[PDB]
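Please read the structure below before turning to the comments.
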Amino acid sequence: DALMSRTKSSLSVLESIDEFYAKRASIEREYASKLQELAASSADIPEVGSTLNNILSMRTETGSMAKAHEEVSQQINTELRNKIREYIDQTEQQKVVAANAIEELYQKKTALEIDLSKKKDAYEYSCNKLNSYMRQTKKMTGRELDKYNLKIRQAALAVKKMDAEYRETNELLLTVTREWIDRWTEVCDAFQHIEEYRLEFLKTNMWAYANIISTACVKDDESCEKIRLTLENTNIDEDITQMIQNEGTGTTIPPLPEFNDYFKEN
Amino acid sequence: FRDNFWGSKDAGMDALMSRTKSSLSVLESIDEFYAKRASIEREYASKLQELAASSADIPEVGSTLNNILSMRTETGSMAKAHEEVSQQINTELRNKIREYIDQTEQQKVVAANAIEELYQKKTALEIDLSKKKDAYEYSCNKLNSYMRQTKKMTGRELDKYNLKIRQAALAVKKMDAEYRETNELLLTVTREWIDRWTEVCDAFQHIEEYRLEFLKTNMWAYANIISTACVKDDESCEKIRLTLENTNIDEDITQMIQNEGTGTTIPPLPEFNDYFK
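Protein chains in written order, with the deposited numbering: chain A, 35 to 300; chain B, 22 to 298.
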């Protein structure tokens with residue numbers, strides 16, 4: 035009944051899925067965030083002049099350009115902060131090994147001492163093989179072939195010695211397993227501890243996953259509220275006024291043609 | 022208020038002809054800015070609904086299967102959220118910029134229609150009035166040269182003076198008909214030129230007080246097209262955390278180990294008194 039394969043297969047499924055979570059986090063920033071982090075800030079932030087002479091209707095354009103960039107400073111944070119959490123999968127994907135390679139090899143050694151001792155017991159099933167040949171002497175003595183009784187002594191002394199083996203191998207193999215019913219309950223209990231705390235790790239480390247992106251959502255949303263604030267301070271009648279002084283060409287009327295006379299210099 | 026755009030002759034028109042070409046260069050720079058932001062977000066949703074829908078079969082199952090899958094099914098919510106963003110940018114935002122681009126160029130013709138008619142009519146007279154003042158002040162040099170030579174060479178002789186009255190009629194001729202008249206055709210044109218030009222400055226001022234309000238109301242749409250995604254993403258975050266509060270530790274009740282009735286006493290007892298006794 036080598037059913038340690040079932041509790042040892044539970045360990046094959048604790049790291050083949052932890053790999054997926056760490057693969058997902060490792061992928062949800064290079065296949066998701068290496069785009070906005072890069073494309074938003076990098077491809078943007080030029081010195082292309084807004085060329086709006088309006089000191090105010092220009093505050094809102096750069097405000098839209100700035101908050102495009104103060105939106106990307108927040109997807110970079112997730113790219114950083116969430117690849118500084120996948121590094122907590124390895125403090126479980128390899129810390130669990132500290133909790134499952136210590137009381138596993140220490141339990142393997144005893145688990146095979148049983149295996150050959152029982153094989154030594156089934157090998158010492160000769161108490162039966164000489165009992166079979168003992169009875170067949172007694173069976174054939176009903177015919178009385180006159181000194182089979184000497185043979186019967188032999189198998190009688192033989193049976194005595196060879197069950198003294200069987201009783202010896204049986205009491206030993208008894209406590210070898212009686213001390214394995216005990217110690218196997220300790221791996222049953224220990225595995226149910228760190229296969230129950232792995233779930234608290236999974237749940238608590240995934241609850242801190244959305245709280246890592248919910249920050250990102252509230253960041254750029256709060257930054258979008260800043261594009262509407264910069265967009266409310268605009269007062270237009272003062273704006274063209276400020277813009278006229280720049281592009282102003284002339285304020286006095288083009289004086290009219292007057293008829294120049296003859297006595298100008300007479 | 023925009024009366025103060027007169028200047029010398031053509032500075033005003035060219036100062037106002039550069040403002041429209043610069044104003045148009047503001048909106049097209051704003052238009053393209055959406056196009057660049059558009060495909061950026063469009064690439065964001067491509068990868069996400071790729072990443073979300075690229076599901077695979079792994080030994081996970083049970084009440085913890087919800088949370089892991091909750092994470093996969095909310096990366097497709099982001100894609101849907103940010104595809105709408107880019108969608109709302111090229112369909113609504115960019116296209117409505119192309120609206121005011123064309124509406125205004127068609128309105129920038131109606132405003133100043135006959136400006137070059139009067140500007141060139143005013144120039145024709147300006148130079149032609151200068152052609153006439155040119156002759157008038159050459160016509161008076163000769164007269165002075167005939168009334169100043171007679172000044173030093175006084176009337177001490179007997180020569181017919183008809184040189185003066187012959188050319189005095191010229192001075193009146195060239196002056197009156199050709200200067201006091203084209204200086205009055207220029208006046209009536211000028212007084213209308215000031216009128217029409219004053220109404221063209223007023224007409225673009227009104228246009229400029231729209232472009233500023235339009236840009237504000239357009240970028241306000243831009244801000245709220247993004248806030249659409251932000252609350253969508255934020256709401257789908259509690260959906261992750263709603264499915265994490267649903268997780269109790271009973272998934273280890275999903276047991277596969279074959280036990281509970283095994284591990285017997287095992288003191289093998291073949292005494293071989295089964296029959297033999």
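Every residue, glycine too, gets a C-beta built ideally from N, C-alpha and C.
Interface residues of chain A facing residue i [CB-CB closer than 8 Å]
i, result
"residue 61(B)", "69, 70, 73, 74, 77"
"residue 38(B)", "The premise fails here: residue 38(B) is roughly 11 Å from chain A at the closest Cβ pair, so nothing lies under 8 Å."
"residue 64(B)", "69, 73"
"residue 211(B)", "288, 290, 291"
"residue 23(B)", "274, 278"
"residue 215(B)", "287, 288"
Contacting residues, own chain, Cβ-Cβ under 6 Å from residue i (five flanking each side not counted)
i, result
"residue 161(A)", "196, 197, 200"
"residue 110(A)", "71"
"residue 113(A)", "63, 67, 71"
"residue 250(B)", "102, 103, 106"
"residue 280(A)", "87"
"residue 253(B)", "102"
"residue 257(A)", "101, 104, 105"
Listed by chain order, chain A residues near residue i by CB distance under 7 Å
i, result
"residue 156(B)", "The contacting residues do not exist; residue 156(B) stays about 13 Å from chain A at best."
"residue 81(B)", "51"
"residue 43(B)", "85"
"residue 251(B)", "251, 254, 255, 258"
"residue 47(B)", "85, 86"
"residue 247(B)", "258"
"residue 28(B)", "283, 284"
Chain-ordered chain A contacts of residue i [CB-CB under 9 Å]
i, result
"residue 309(B)", "Since the first residue of chain B shown is 22 and the last is 298, residue 309(B) is not available in this structure."
"residue 282(B)", "Near residue 282(B) there are no residues of chain A at all, since even the closest Cβ is about 12 Å away, more than 9 Å."
"residue 57(B)", "73, 77, 78"
"residue 32(B)", "283, 284"
Own chain, CB closer than 7 Å to residue i, minus 5 neighbours either side, in chain order
i, result
"residue 164(A)", "189, 192, 193, 196"
"residue 247(B)", "106"
"residue 158(B)", "none"
"residue 98(A)", "261"
"residue 272(B)", "83, 84, 85"
"residue 149(A)", "none"
Where residue i meets chain B, residues with beta-carbon distance less than 8 Å
i, result
"residue 167(A)", "Within chain B, no residue comes near residue 167(A); the closest Cβ sits about 12 Å away, beyond 8 Å."
"residue 208(A)", "287, 288"
"residue 297(A)", "Ordered by position in chain B, no residue passes the 8 Å Cβ test against residue 297(A), which lies about 11 Å from the chain."
Beta-carbon contacts of residue i that lie in its chain and below 8 Å, excluding the five residues immediately before and after
i, result
"residue 146(B)", "203, 206, 207, 210"
"residue 217(A)", "141, 144"
"residue 59(B)", "107, 110, 111, 115"
"residue 132(B)", "221, 224, 225, 228"
"residue 264(B)", "87, 88, 91"
"residue 81(B)", "89"
"residue 170(B)", "none"
Beta-carbon neighbours of residue i, restricted to chain B and to distances below 9 Å
i, result
"residue 162(A)", "291, 293"
Closer than 6 Å: residue i CB and nearest the ligand ATP heavy atom
i, result
"residue 49(A)", "Absence of the ligand ATP is noted for the structure shown, with no ligands found whatsoever."
Along the region 179-204 of chain A, where does the CB come closer than 9 Å to a CB of chain B? Name the residues. Across the region 179-204 of chain A, CB contacts with chain B closer than 9 Å involve 193, 197, 200, 204, in sequence order along the chain.
At a CB distance below 7 Å, what residues from the region 226-245 of chain A approach chain B? Give them in sequence order. Result list: 226, 229, 230, 233, 236, 237, 240, 241, 243, 244.
Below 8 Å, can you find three or more Cβ-Cβ pairs linking the region 116-127 of chain B to the region 276-289 of chain B? The way I'd put it, the region 116-127 of chain B doesn't touch the region 276-289 of chain B; fewer than three beta-carbon pairs between them come closer than 8 Å.
Interfacial residues, the region 97-117 of chain A to chain B, with Cβ spacing under 9 Å: Within the region 97-117 of chain A, 97, 98, 99, 101, 102, 105 place their CB atoms closer than 9 Å to a CB of chain B, listed in sequence order.
Would you check if the region 34-43 of chain B and the region 65-80 of chain B touch, i.e. whether three or more CB-CB distances between them fall below 8 Å? By the criterion of at least three beta-carbon pairs nearer than 8 Å, the region 65-80 of chain B is not in contact with the region 34-43 of chain B.
If the cut-off is 9 Å on Cβ atoms, which residues from the region 83-94 of chain B count as contacting chain A, listed in chain order? Listed in sequence order: 84, 85, 88, 89, 91, 92, 93.
Cβ-based contacts, 8 Å cut-off: residues of the region 262-274 of chain A near chain B: Going along the region 262-274 of chain A in chain order, one finds 262, 265, 268, 270, 271, 273, 274 with a Cβ nearer than 8 Å to chain B.
Output, in sequence order along the chain, the residues in the region 125-153 of chain B whose CB is closer than 8 Å to any CB in chain A. Against chain A - using a Cβ distance shorter than 8 Å - the residues of the region 125-153 of chain B are 150.
Contact between the region 236-244 of chain B and the region 179-188 of chain B (3+ Cβ pairs under 8 Å): Three or more beta-carbon pairs separated by less than 8 Å are not found between the region 236-244 of chain B and the region 179-188 of chain B, which leaves the two stretches without contact.
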